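Chemist: Submitted below is the structure of interest, expressed as structure tokens.
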Ligand SMILES: [Cd+2]
Ligand SMILES: [Cd+2]
Ligand SMILES: [Cd+2]
Ligand SMILES: [Cd+2]
């Protein structure tokens, strides 16, 4: 399933959950 509508998939920065706080269209924690 999609972790966030900003990251693709299998994002290590979203593997242990969702450490993405940046945004939805563009973040800066999974650049
Ligand atoms: Cd994201
Ligand atoms: Cd991510
Ligand atoms: Cd996420
Ligand atoms: Cd991020």
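In the authors' numbering, the protein residues as written are 31 to 61.
Note that CB positions come from ideal geometry on N, CA and C, so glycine has one too.
Using only the alpha-carbon positions, how far apart do residue 35 and residue 46 sit?
Modeler: Answer to the nearest angstrom: the Cα atoms are 16 Å apart.
Chemist: Taking the alpha carbon of residue 56 as the point to measure from, which residue in 44, 41, 33 and 37 has its own alpha carbon closest?
Modeler: Cα-wise, what sits closest to residue 56 is 37.
Chemist: Does residue 50 pass the burial test, meaning 16 or more other C-beta atoms within 10 Å, or should it be called exposed?
Modeler: The residue is buried, with at least 16 neighbouring Cβ atoms inside 10 Å.
Chemist: Decide if residue 44 is buried, meaning its Cβ has at least 16 other Cβ atoms within 10 Å, or exposed.
Modeler: Looking at its Cβ environment, which holds 16 or more other Cβ atoms inside 10 Å, residue 44 is buried.
Chemist: Quick one: measure Cβ to Cβ for residue 60 and residue 48, integer angstroms, because I've assumed they're closer than 8 Å.
Modeler: The pair is not a contact, with the Cβ atoms about 10 Å apart (cut-off 8 Å).
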